[PDB]
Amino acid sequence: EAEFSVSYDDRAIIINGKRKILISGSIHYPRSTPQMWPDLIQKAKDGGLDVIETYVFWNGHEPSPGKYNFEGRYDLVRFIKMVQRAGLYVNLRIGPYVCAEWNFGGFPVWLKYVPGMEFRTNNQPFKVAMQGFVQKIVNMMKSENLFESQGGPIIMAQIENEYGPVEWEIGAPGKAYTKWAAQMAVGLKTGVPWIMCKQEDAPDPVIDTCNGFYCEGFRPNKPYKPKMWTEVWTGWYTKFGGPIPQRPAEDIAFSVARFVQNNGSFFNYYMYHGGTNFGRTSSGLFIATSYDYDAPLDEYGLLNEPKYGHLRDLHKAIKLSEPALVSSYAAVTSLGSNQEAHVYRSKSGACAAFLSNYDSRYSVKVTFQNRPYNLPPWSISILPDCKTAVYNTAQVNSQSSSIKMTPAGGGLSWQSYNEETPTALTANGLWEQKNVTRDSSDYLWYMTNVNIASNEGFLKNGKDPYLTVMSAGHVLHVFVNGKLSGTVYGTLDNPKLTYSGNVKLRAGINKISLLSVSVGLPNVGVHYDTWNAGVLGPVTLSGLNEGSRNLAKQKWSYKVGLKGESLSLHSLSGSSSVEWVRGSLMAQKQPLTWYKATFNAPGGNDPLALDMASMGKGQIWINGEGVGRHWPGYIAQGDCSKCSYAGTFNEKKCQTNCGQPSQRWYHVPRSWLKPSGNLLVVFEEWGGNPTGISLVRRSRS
């Protein structure tokens, strides 16, 4: 007989023979640093979590076919072992489609270009690659007994991610792929359950699970499977150009209690720590570098009060109730028009009760077992012994905290290095951007010649012809004869672009150079991997004798990435290899400019950020390591109004920061610094003043 095991029944996941009501939170290992992990995990433990949930990030682990990375913050095994050291379990969401507001949904970009490839359907090249990667991860975990069946922390794993809605659209090949994925995963023999989220048709023995702001009405697809909520959304993601979304602690607590009172036995906060999209292969399409998510642990790892403590107290109440929860089922008694008691009374006498008020506007005082309980609107009281309420989801006993970002160390000494604008790797017509760059850089130059006859009407009348450039996105800079004519940029929902303007041209050869920029790759949507980036046109020049010229129907030239990228200006060795501009000649408010400075690490233990308010858009490195994209120049658009915790939440309900830079502060991990001589390199795409950049220390108070 196995010493350790995981099974399940209609009531719960069963660990080493005992039913458990499992409290879980998401922490994505590459969204923080190995130095942070033990602290984050400890905070989760102290916050009442039994489980840490994480995706596996394929694109990070396999940057080219058969070449793997498990180093640094991609050391998945190290992360899993740290969770185990804290006495927590793991839900390993392998995918390898993970969505996750993460570049290309987790797929390596090279995968797209394998002959005969089609993503997320019953496609042979896809299935071979997917099976190979999932098998590799499973075998890595098994090699060190990391599944609970072997004494390790992993108690379940997920195959795919929210595939149900994809099948709905693509039909039978989707049904066939689902069946294949489930049987393939189960056949890897992990010794523990497999799950699929948002997958009503998940075949036995896979447990299908629920995601959302609320999941109280969800039931799995067989009565002998437990009821599990894989993503309790704790807020929403921040997009560049969007506001900062919040979700009230009282509403999260209500949603969790609503699920647990209805036989729910596993729930996981997405995110518990959200963290940061470091570098340039992390963020999904238009996703901000901050992945804060209004999580119980903020981007920097600090306690987000009062949410952290309010959920901590909810968890204590659930723990007090657990012996009753696992030895009975929820029995409903009506209390009033929109009020109920869900009671868990065991054969032995243990009793826990949940008293609910679903009215979003009014308080109701109910009588339960001869005692009065007042229930604020949209709240649930928990009585772990059916006698005394120890917690109510709308009564927050934790003190709130606000953010302070305090400058530290003052201003730095800057040097600059200019990018050049290249001019007319060629083609007759326009190529899609991912195809050309393979996502090796955000930047692709599209270049062409425009010949102008001496007899053009506009030349003799002193007017300018009219240029229209249409692009699939995501940012476009239009240069005409070496001069920037305009910049256009999209939104997450609409990344496509149109530049249109009068442009000055002369007799003979004119140069048009387009700098096309991606800002993370799409990560969700049926066939999202087929969506274009870059300039596919139409591209037209009107106001000519001929009428309008189709500029797509001529020779185009291509240049992948920036000169500074080729030179590795982000690194100490690369930046030191060239001479930079110093002194009063420092480039100011100039597009396509690299900046560098050296700084000493601030003392103490407060988390750190760069204040980038004086800058525009680009990328940041510290000691050669990518801090992430900056885009303070993208002002937050949306509706920001007072919200109440009460009533059905949606991601736009409690938005803040409207009309302000969508992200101003950029997280710098402490462990990336040395005491002295830290190299800071900023590529500035749009234009800024580097003198305004400072380090800040973050505190909560």
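The first residue of the shown sequence is 1; numbering continues from there.
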Deposited but uncoordinated residues in the residue 424/residue 425 interval: 4 to 9
Greater mean Cα temperature factor according to the PDB record, 379-387 or 452-460: 452-460
Mean Cα B-factor comparison, 608-616 or 526-534, giving the higher one as deposited: 608-616
Options 256, 109, 76, 484 - largest CA temperature factor per the record: 484
Which of 170, 394, 408, 288 ranks first by CA B-factor in the deposited coordinates: 408
Relative C-alpha B-factor of residue 674, binned into the chain's lowest, middle or highest third: highest
Modelled-residue ranking by C-alpha temperature factor, third containing residue 60: middle
Residue 340 - which third its CA temperature factor falls in, relative to the rest of the chain: middle
Assigned third (lowest, middle, highest) for the C-alpha B factor of residue 242: middle
Where the record places residue 2 (Cα B-factor, split into thirds across the chain): middle
